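Cβ sites come from the backbone with ideal geometry, for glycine too, and all protein chains shown count toward neighbours. Each answer follows from the model by the rule given with it, or from the source it names; none is laboratory data.
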Amino acid sequence: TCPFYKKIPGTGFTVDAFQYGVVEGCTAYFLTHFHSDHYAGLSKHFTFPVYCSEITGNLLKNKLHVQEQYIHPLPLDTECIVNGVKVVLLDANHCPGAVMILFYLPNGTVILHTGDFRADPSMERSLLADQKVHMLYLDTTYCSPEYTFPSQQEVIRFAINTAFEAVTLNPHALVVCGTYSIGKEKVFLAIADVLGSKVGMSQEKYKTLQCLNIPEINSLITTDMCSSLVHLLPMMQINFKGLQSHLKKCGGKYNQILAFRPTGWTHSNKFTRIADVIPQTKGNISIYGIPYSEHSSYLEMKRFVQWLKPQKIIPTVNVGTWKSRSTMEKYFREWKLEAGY
Ligand code: NI
């Protein structure tokens, strides 16, 4: 059974609700982004209207085989009428094709559903500037002040400089980057660009990347691993065993691996500055965990909500424990008393 925080009152709509069978009264299912916790349940047999971005629709058709007749892609930043209700899709600053959804209810209520997002001051000049929001359905993934991490631009600066130094010292070093979903593509694209290389990967991963509308993609990626000195592998293989195994397959071309594991937040963020980060090393293999987040930090979240001044907040993450729910409600009341709304 579909939980309440995935239903949109006064409409036939649900958000990210595909794992519950047929939802009673649902005339249109919205999908905010192509991540498995959110699409859980969709397949080629799905027969109801799905509303999403163009990029998410490309992935539904090619990776999950959903039939074309049930995919309804909408442009961003554009007022659209769906089943007699005005909606707008906005860029969520999460993974490629991820959106927030503005719903203008027939009774005059305005609701914002963030999906998953990384809040940014640029959002304060989207179509959100214009008007009041009565209800915010909020991505609360890192809603506590201990969750700190650097900007994505600082993290990429660190990765490019680390890779370029290593390979200039040793031209026979291979660079490997881990992946398990869409998102974080800048990590491996920025490294391959500084090294003058295409990125090499499996046929399955190449197919996924070909759905993303990235400009000049055919100039940046390949399935010919022998032509590339930046390889992608599943995240599960980014360990000394899996990396040793990979290096054997490379035909004596390389004598060293430098690997990157993009993570979200980890507890070493509570102590160690990005500049000071060091790898784990075994012999000729080194592995860097880098904190490249596609979710809001606590401070980014707080800024966005204090700017928006919503009348009511419904969290969509960390909702399963009483202790989590109580902590989140305390910070929402602080924010409101501090800013005066
Ligand atoms: Ni996500």
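Collect the residues in segment 33-77 that are part of a loop (DSSP other than H, G, I, E, B) and in contact with a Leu (Cβ under 9 Å, 6 or more places away or on another chain), keeping them in residue-number order.
We begin by selecting, within segment 33-77, every residue part of a loop (DSSP other than H, G, I, E, B); these are 33-35, 40-49, 53, 63-67, 74-77.
Residues satisfying the conditions are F34, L42, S43, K44, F46, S53, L64, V66, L74, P75, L76, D77.
Does segment 167-184 contain at least one residue that is surrounded by fewer than 17 Cβ atoms within 10 Å (Cβ to Cβ), more than 30 Å from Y331 (Cα to Cα) and within 16 Å of the ligand (Cβ to nearest atom)? Even if it seems obvious, please write down each step before you answer.
Narrowing segment 167-184 to residues surrounded by fewer than 17 Cβ atoms within 10 Å (Cβ to Cβ): 168-172, 180-181.
From the residues that got through so far, the ones that are more than 30 Å from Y331 (Cα to Cα) too are 168-172, 180-181.
Applying the additional criterion that residues be within 16 Å of the ligand (Cβ to nearest atom) yields 180-181.
Within segment 167-184, one or more residues are surrounded by fewer than 17 Cβ atoms within 10 Å (Cβ to Cβ), more than 30 Å from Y331 (Cα to Cα) and within 16 Å of the ligand (Cβ to nearest atom).
Could we say that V99 is more than 16 Å from the ligand (Cβ to nearest atom) and not charged (D, E, K, R) here? Lay out the reasoning, then the answer.
Values: more than 16 Å from the ligand (Cβ to nearest atom): no; not charged (D, E, K, R): yes.
The answer is no for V99.
Please find, among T222, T266, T272, the residue that is without any contact (Cβ under 8 Å) to a residue 60 or more places away in the chain, of a type in the set (V, I, T) and out of contact with any strand residue (DSSP E or B) (no Cβ under 7 Å at 6 or more places or on another chain).
On the way: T222 fails: out of contact with any strand residue (DSSP E or B) (no Cβ under 7 Å at 6 or more places or on another chain); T266 fails: out of contact with any strand residue (DSSP E or B) (no Cβ under 7 Å at 6 or more places or on another chain).
Result of the check over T222, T266, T272: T272.
So the check is Cβ under 6 Å with 6+ separation or different chains; which pairs have a first residue in segment 180-198 that's hydroxyl-bearing (S, T, Y) and a second one that's more than 16 Å from the ligand (Cβ to nearest atom) and in a loop (DSSP other than H, G, I, E, B)?
If the second residue must be more than 16 Å from the ligand (Cβ to nearest atom) and in a loop (DSSP other than H, G, I, E, B), the pairs left are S197/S228; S197/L229.
Quick test for you: out of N93, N62, pick the one residue that is more than 16 Å from the ligand (Cβ to nearest atom) and either of a type outside the set (V, I, T) or in the same structural domain as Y51 (by CATH) (or both). Don't jump to the end; show me each part of the working.
Values: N93 fails: more than 16 Å from the ligand (Cβ to nearest atom).
After ruling out the rest, the residue left standing is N62.
In segment 225-263, which residue that is of a type in the set (F, W, Y) and in contact (Cβ under 8 Å) with a residue 60 or more places away in the chain is nearest to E185 (Cα to Cα)?
Initial filter on segment 225-263 (of a type in the set (F, W, Y)): 240, 254, 260.
Now narrow it down to the ones that are in contact (Cβ under 8 Å) with a residue 60 or more places away in the chain: 254, 260.
On the way: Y254: 24, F260: 12 Å.
Among them, the one singled out is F260.
Report, ordered by the first and then the second residue, all pairs with beta carbons closer than 8 Å, sequence separation of six or more or different chains, a first member in segment 330-341 that is in the same structural domain as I314 (by CATH) and within 17 Å of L136 (Cβ to Cβ), and a second member that is part of a helix (DSSP H, G or I) and among the β-branched types (V, I, T).
Taking only residues 6 or more apart or on different chains, the pairs are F332/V305; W335/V305.
Being under 23 Å from the mean Cα position of the chain (by Cα) and among the small types (G, A, S) narrows it down to one of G289, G283, so name that one.
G289
Provide a single number: the residues in segment 36-59 that are out of contact with any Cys (no Cβ under 8 Å at 6 or more places or on another chain), of a type outside the set (D, E) and away from the ligand (no atom under 13 Å from the Cβ).
As a first pass, look at segment 36-59 and keep what is out of contact with any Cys (no Cβ under 8 Å at 6 or more places or on another chain): 36-47, 49-54, 56-57.
Still in the list and also of a type outside the set (D, E): 36, 38-47, 49-53, 56-57.
Now narrow it down to the ones that are away from the ligand (no atom under 13 Å from the Cβ): 41-47, 49-53, 57.
Residues in segment 36-59 being out of contact with any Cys (no Cβ under 8 Å at 6 or more places or on another chain), of a type outside the set (D, E) and away from the ligand (no atom under 13 Å from the Cβ): 13 in total.
Can you work out which of the residues in segment 73-86 that are β-branched (V, I, T) and in contact (Cβ under 8 Å) with a residue 24 or more places away in the chain is farthest from the ligand (Cβ to nearest atom)?
Within segment 73-86, the match that is farthest from the ligand (Cβ to nearest atom) is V85.
From the list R261, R273, exactly one residue is basic (K, R) and in contact with a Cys (Cβ under 9 Å, 6 or more places away or on another chain). Which is it? Give the steps one after another, and end with the answer.
Details: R273 fails: in contact with a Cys (Cβ under 9 Å, 6 or more places away or on another chain).
Selected residue: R261, the only one of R261, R273 that is basic (K, R) and in contact with a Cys (Cβ under 9 Å, 6 or more places away or on another chain).
All but one of (1) closer than 25 Å to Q311 by Cα; (2) assigned to a loop (DSSP other than H, G, I, E, B); (3) within 15 Å of the ligand (Cβ to nearest atom); (4) not acidic (D, E) hold for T11; state the number of the condition that does not hold.
All conditions are met except number (3).
Check off (1) closer than 20 Å to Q210 by Cβ; (2) touching a helix residue (DSSP H, G or I) at 6+ places or on another chain (Cβ under 7 Å); (3) polar (S, T, N, Q); (4) within 16 Å of the ligand (Cβ to nearest atom) for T32 and give me the number that stays unchecked.
(1)
For segment 71-92, give me the residue count where each residue is farther than 21 Å from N213 by Cβ and surrounded by fewer than 17 Cβ atoms within 10 Å (Cβ to Cβ).
Within segment 71-92, residues that are farther than 21 Å from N213 by Cβ and surrounded by fewer than 17 Cβ atoms within 10 Å (Cβ to Cβ) number 5.
Restricting to segment 40-67, and then to whatever is out of contact with any helix residue (DSSP H, G or I) (no Cβ under 8 Å at 6 or more places or on another chain) and hydroxyl-bearing (S, T, Y), can you tell me which residue is surrounded by the fewest Cβ atoms within 10 Å (Cβ to Cβ)?
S43
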